[PDB]
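>>> PDB entry and its sequence, pasted below:
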Amino acid sequence: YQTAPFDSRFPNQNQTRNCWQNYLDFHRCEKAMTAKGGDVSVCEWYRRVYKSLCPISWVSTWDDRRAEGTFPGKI
Amino acid sequence: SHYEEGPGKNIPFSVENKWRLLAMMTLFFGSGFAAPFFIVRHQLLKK
Amino acid sequence: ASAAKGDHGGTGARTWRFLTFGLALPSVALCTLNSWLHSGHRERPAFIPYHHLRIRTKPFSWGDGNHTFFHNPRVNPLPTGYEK
Amino acid sequence: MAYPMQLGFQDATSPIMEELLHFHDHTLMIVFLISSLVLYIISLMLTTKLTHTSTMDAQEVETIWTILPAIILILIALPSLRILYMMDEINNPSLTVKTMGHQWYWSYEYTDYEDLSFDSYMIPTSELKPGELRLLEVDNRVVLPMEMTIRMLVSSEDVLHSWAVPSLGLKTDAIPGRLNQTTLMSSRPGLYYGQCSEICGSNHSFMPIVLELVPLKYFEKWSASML
Amino acid sequence: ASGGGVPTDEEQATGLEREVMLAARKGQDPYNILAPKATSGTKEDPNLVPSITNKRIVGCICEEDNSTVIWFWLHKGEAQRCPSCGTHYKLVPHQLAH
Amino acid sequence: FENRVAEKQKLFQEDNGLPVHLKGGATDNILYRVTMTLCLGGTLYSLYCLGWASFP
Amino acid sequence: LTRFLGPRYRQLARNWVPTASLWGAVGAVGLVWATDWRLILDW
Amino acid sequence: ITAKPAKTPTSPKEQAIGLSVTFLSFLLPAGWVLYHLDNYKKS
Amino acid sequence: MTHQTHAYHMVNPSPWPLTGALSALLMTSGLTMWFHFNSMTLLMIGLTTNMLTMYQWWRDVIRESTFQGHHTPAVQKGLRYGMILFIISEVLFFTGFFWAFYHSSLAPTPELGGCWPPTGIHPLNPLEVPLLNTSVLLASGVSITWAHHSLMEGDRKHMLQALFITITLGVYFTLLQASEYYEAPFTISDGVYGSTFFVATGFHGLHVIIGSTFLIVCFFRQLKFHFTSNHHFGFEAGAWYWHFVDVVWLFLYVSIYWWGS
Amino acid sequence: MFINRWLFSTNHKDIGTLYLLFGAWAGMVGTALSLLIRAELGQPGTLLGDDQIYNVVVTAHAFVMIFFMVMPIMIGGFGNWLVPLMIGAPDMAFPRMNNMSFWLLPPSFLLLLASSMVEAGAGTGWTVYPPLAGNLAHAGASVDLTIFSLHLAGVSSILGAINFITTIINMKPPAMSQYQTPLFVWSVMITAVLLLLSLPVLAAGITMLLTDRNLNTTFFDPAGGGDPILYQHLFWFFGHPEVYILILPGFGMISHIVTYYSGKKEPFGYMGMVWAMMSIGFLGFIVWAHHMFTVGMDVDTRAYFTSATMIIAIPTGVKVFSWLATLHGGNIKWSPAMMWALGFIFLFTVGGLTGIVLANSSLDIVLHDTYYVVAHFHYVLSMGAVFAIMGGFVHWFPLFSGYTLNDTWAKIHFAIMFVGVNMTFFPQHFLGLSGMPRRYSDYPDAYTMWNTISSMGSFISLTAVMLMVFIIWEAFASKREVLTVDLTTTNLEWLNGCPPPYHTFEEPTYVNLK
Ligand code: HEA
Ligand code: HEA
Ligand SMILES: [Cu+2]
Ligand SMILES: [Cu+2]
Ligand SMILES: [Cu+2]
Ligand SMILES: [Mg+2]
Ligand SMILES: [Zn+2]
């Protein structure tokens, strides 16, 4: 892995959703592999991407939101 | 209409004495040009 | 979802007065009943301190500066949580 | 960077900036043609005692002067649009850096692998070491690998700001709550300066950008010693 | 439906409104609401320009599609001619004025 | 009901050399002066507030 | 009550306001000496 | 465009006066404020 | 010369423009006091002189047209144009708000939950009272038309009857809308959904009140026999404004109440 | 008496005079502000201070010149003075409303002056974009006052737009078609329409900005799900039409001036000229986004806006070439006004040519927010809009006043101002190509030469606007009354003598229906 590659579904100057989508995706996958075990398999790809593209402050605040349960996205 | 007509009469300022006029034009345009300078001064003297 | 109906080719005041009491007003009555029947009082929504809601960047120019204008305590919580 | 008494663009450090210089030359050649044509016609009109104040037939000449400008506009539009798409082109970057505008400084974040992040502030003209540029030097340069396709992601943590670096032909506004993307690709090592290109308050003029481009090897050792 | 009760112009119109209302039914036009129809304009058949004084500005659209109206004062007296096309115009006293 | 527009037409068409906003009597006059007074005063009050707020 | 109200009366009212207006000013002056508002004194 | 001679001609001296005055009225106030800039910047 | 021979109206010098301009100053700066130095006295005075100005300015217009007869045909055709044009500038005013709404709802930011309506918002039901408000406004559209037709046919009683029915429906909507506001489980402060909702439906609300006082004015002018079966621009306008108002509600309903919720 | 005439007016001529007086005075304030700007940039370092006090100055400069000098003068001044006279109308359709339009201006100006006094003023840029304009980065009454000033100025302009369209459409002689009215009248009728459709969207935008900072709304706040870019769209939707609203009446005056001094009856290609302004007015509504090339929009849409913006050159071209064709066989008179008209034709061409360059999104990436764009609009505004104002002013002064100006002095004034503005704005093309950003109180050492030369030119301009004031004084001091005027057959405005009487066209104008 070098860095998050080009994503056809996010082909323009605005990557906001790119960061957003992968952050969701990861945490959604995480929750599932947890509540299923399935040998606690892990969705690292999504985390590699979201960490690269999402500025720290967003990830941080989102994590906090997820902590207090005020995170607006559906995971 | 008792509104006077003709040169020098269709304006809101007297043009009969050239020097009174000089004074008026001077205050008019003058006060307009000085305002920004005094505003900057005012802003520089605040705290 | 309609298409249209009874044509009465000549429209004068009698026609509009006819539509007023024979269509317009009766509808206002039906819908009134409908809305009077579907008058289900929703239980005040669960409070959860979402950050994109109950915004406050400057206290309102009235009251304690934390109460929106048509504030209904029953269904509107303060940022902190429901009124009482 | 810009030198004393400069007339045109700063020298192109990247290929699209080169591409732009050539397009500008093309476009400028035309504005010289038209602007001199008009001036000639004007002086021509005002230089004869001969008169013809009666009625003159329009429309006839009206086509020449409506079809011509139309052709010329295509001659500019075509090259322009090509370069336009060439910029928003499908490339695969080998690195992703983020920059976040702040009220009076930029902060960078290299986070592909490790969480490296620092603040870039302008060096007060008072504490400049001889030979350092008055309003352009920053304390922490943003180090990056030359000859590589980097993906920059610009955003802000407060008001609007604009991250720009003329030599590379880049400029992207920094809008809070938004991730704007841009492709950086220097074809030569060095120090490349830029400045905030968006009004953002009291120190809008004092929050510069300095790119320092070294080879990969030195880039990675820098990156580590940075944490 | 059925009934009545609202006033009419003929019975409730006043001031200048009424004046143009009546004047209009007699076929006359004292407040220049209509466009004056041209005569042959010859020295013998001049366009008659009514006026409430002794001079009135005449605007002459020489040729039908012209974008330029030629303007000039028509004085009391002998017929006068549009500077760009002859065309005679002769002042005449303005009758109805109330 | 009534219908006495005819009386008012006459009242307002009366050649008393009065401007329409006064052609109707004494109340027109008091209304005018009240309005004018409130406006000027208000304007004065506003200038005071601005002079006051200009300072720290 | 109703009898007092009239279309004709307005000139008297206008005249009264000035005399009344002048009278109103006197009270403020009269009250003020007794009142002694620091703000009034400041004025 | 033709015109009658000046009803009240403005001799050169008169012009020189009006020109000087016009200039001063613009230049003085600004000059003063600008002259004292530093005093303001230092309170 | 001396006596005019054109059908136009040379209006007498009025102090009202000055008075209304001063009013605008007072209300704007007054809002600035309310918003910042917590004071309404200035805002109160401005609202006052403003009503005073409108009352008088429009009183005179009535005087000049109905009592003095200055509204000749040419003068009227000009008033028609003016109204149309005004309504137009209004249509474009509301367009800023639908732009805002669509902008937000079509591309919901992640801070909202990346969806619409944002998570946490409980939209009202279009099929309940919003549906009622819709039918009320629409009915007043048919009744104001009946009024217009009676007027042209000189039917005094009926025009009055229809104008009355129309007016009450406008009031009924105002009350209904007022209660909706109070019962709404969201506020102006509830992010972009609340902003978008309360200011668009709110400005429209203000317009229904402005349109209702206009029809009221028309009502009384009729009680006083001001209108003739043929010259009643004051009503034509009131009517045009009233329709502009239903139409704006139709877009609000469909866009904000139905689609964007 | 004075009150009734000057405060309670219903006269198109007097209201128009009131405007010119307001515009000239506002023009002094704007000039002062432009000098502080160049004073600050005329030597490396800081004269005033931080970009706040500086940008407060830059902002007031823009608002004052755009909303208080150019618009009042061209539309309210020349608009009210000349329109009725050119179509033979007794006055305007709504004499009273017309007065409110004017009186809304002084208060509007007060609010703007007040804004820079309280707190630290508004250092937001004339675009007053959020988050900088918000209640956090710009807390206090300032921006709010800037917003209210804009509301009034907008109410004033759309009320007047309503008046001009109604008058122009409804009050011409019964036999006169629209294709028989003069270009200036067409010019303001079209400008009036742009105002009617753009101004309301602005008011929608800034009202949203006002609630965002006082009523806790989040139209442009990401936190609540808002978007700072949304404001950019709304503002610029008005923002572009606004600049055409600023040059159109100028186009008209130029058409009148060039034709008159060429001794011609009418301008070349009158219907082409009408078509041109109509096209310009229309395309001007579908190109706003060219002001947002570096904001992060889709490449495709970015491509649309550069193309759409470029086709405006065609109609503008037919106008430039038509004025040239007008000069053709003319018997030229080298009067002051003709000098202003020629300057405009060239300078405006250069400035608009320079705008075609910026039309390209690719190139605009490196040109946006630099002094290149400052050069573009000062060429079209300082030597475009302003040159038209001066030509129109010196050309019609006798009509408005009855007195004449000293032509030689008037010519000296052109010479000085022509040198001044070019020296001021020419260098700025370089500063921009070389990277000097906009809205900076100081710059890197390299930009010192051009900024110096630039600032020197602004002092020459100062000299010229001082001389002009004098030139007006002398005219009024000497009192040479107008006797004869040429070409009145084709120029109605002059038929009632200088100055026309309080009441003109009391008895209509006679126009035959061929
Ligand atoms: C009256 C003022 C005025 C006028 C008329 C114009 C006219 C034009 N302007 Fe504008 N412009 C401004 C004032 C004006 N502008 C202002 C105030 C700003 C900055 C605002 C801000 O952001 O603060 C600005 C900003 C600005 C930008 C954005 C810069 C940036 O911030 O990145 C752009 C880009 O498209 C632009 C383009 C144009 C174009 C294409 C025209 C066209 O109308 C030009 C048309 C003229 C010609 C083309 C020449 C004549 C025609 C011919 C001789 C025909 C033959 C020629 C060819 C075939 C090319 N302008
Ligand atoms: C009408 C438009 C107008 C005009 C004419 C001018 C004229 C001047 N402006 Fe400009 N300026 C703007 C509108 C205008 N400006 C705008 C919109 C901005 C953008 C602000 C922003 O970035 O937010 C700007 C920005 C701006 C900048 C950039 C600042 C920065 O971004 O850091 C500079 C700097 O040089 C500047 C300077 C000047 C100068 C030197 C003049 C000189 O040329 C002035 C010369 C004096 C005159 C031409 C006025 C004389 C005319 C009259 C007084 C009329 C008299 C009346 C009668 C005859 C009846 N202006
Ligand atoms: Cu910045
Ligand atoms: Cu900045
Ligand atoms: Cu533009
Ligand atoms: Mg920008
Ligand atoms: Zn003829």
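Looks like it arrived, so ask away. Residues are numbered from 1 along each chain as shown, chains lettered A, B, ... in the order given. Ligands and ions are numbered 1, 2, ... in the order given.
>>> State the three-state secondary structure for the residue nearest the centre of chain B.
Computing the C-alpha centroid of chain B and ranking residues by Cα atoms, centre = their mean puts residue B:28 first, at 1.5 Å. The local conformation at residue B:28, judged by DSSP: H, G, I helix; E, B strand; the rest coil, is helix.
>>> Residue E:91 now?
strand.
>>> bridging residues for it?
residue E:49 (DSSP bridges).
>>> separation between it and residue E:77?
Here the criterion is Cβ to Cβ, to the nearest Å. By it, residue E:91 lies 7 Å from residue E:77. To be clear about C-beta, it is placed using only N, CA and C from the backbone, and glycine gets the same treatment.
>>> what about the helices in chain A?
Assignment of helices within chain A using DSSP state H yields the ranges A:16-34, A:44-53, A:56-68.
>>> now chain H
Under DSSP H, chain H gives helices at H:12-35, H:37-41.
>>> which of those sits most buried?
Stretch with highest mean neighbour count among the helices of chain H: helix H:12-35 (a mean of 16; mean count of other Cβ atoms under 10 Å in any protein chain shown).
>>> Which residue is the nearest non-sequential neighbour of the residue minimising distance to the centre of chain C?
In chain C, the centroid-proximal residue (Cα atoms, centre = their mean) is residue C:35; its distance is 10.3 Å. In this structure, residue C:35 finds its nearest non-sequential neighbour in residue I:132, 4.8 Å apart by Cβ to Cβ, 6 or more residues apart in numbering or on different chains.
>>> quick one: buried residues of the host helix or strand of the one you found?
According to DSSP states H and E, residue I:132 maps onto helix I:129-152. With burial defined by 16 or more other Cβ atoms under 10 Å in any protein chain shown, the residues of helix I:129-152 counted as buried are I:129-152.
>>> Just the closest residue of chain F to chain A, please.
Residue nearest to chain A within chain F: residue F:56 (34.5 Å; Cβ to the nearest Cβ).
>>> ok, that residue touching residue B:46?
Yes. The pair residue F:56 and residue B:46 passes the contact test of Cβ atoms under 8 Å, sitting 5.3 Å apart.
>>> more neighbours, the two?
Higher neighbour count among residue F:56 and residue B:46: residue B:46, with 13 against 8, using other Cβ atoms under 10 Å in any protein chain shown.
>>> burial count for the residue nearest to residue A:55 when sequence neighbours are not counted?
Spatial nearest neighbour of residue A:55, excluding adjacent residues (Cβ to Cβ, 6+ apart): residue D:98 at 5.2 Å. Look at residue D:98: counted by other Cβ under 10 Å, it has 22 neighbours.
>>> So what does residue D:98 have for phi and psi?
phi -120, psi 150 (degrees, to the nearest 10).
>>> What ranges does chain E have for its helices?
E:9-12, E:15-25.
>>> do chain G as well
Using DSSP H, helices in chain G cover G:11-35, G:38-42.
>>> and of those helices, who's closest to chain D?
helix G:38-42 (38.0 Å).
>>> Distance from the chain centre to that closest one, please.
21 Å (Cα atoms, centre = their mean, to the nearest Å).
>>> Do that helix and chain F come into contact?
No. Applying Cβ under 8 Å from any Cβ of the partner chain, one finds helix G:38-42 out of contact with chain F, separated by at least 13.4 Å.
>>> so who does the residue of chain H found nearest chain G touch?
Closest to chain G within chain H is residue H:43: 27.6 Å, counting by Cβ to the nearest Cβ. When contacts are counted by Cβ atoms under 8 Å, 6 or more residues apart in numbering or on different chains, residue H:43 touches B:45, B:47.
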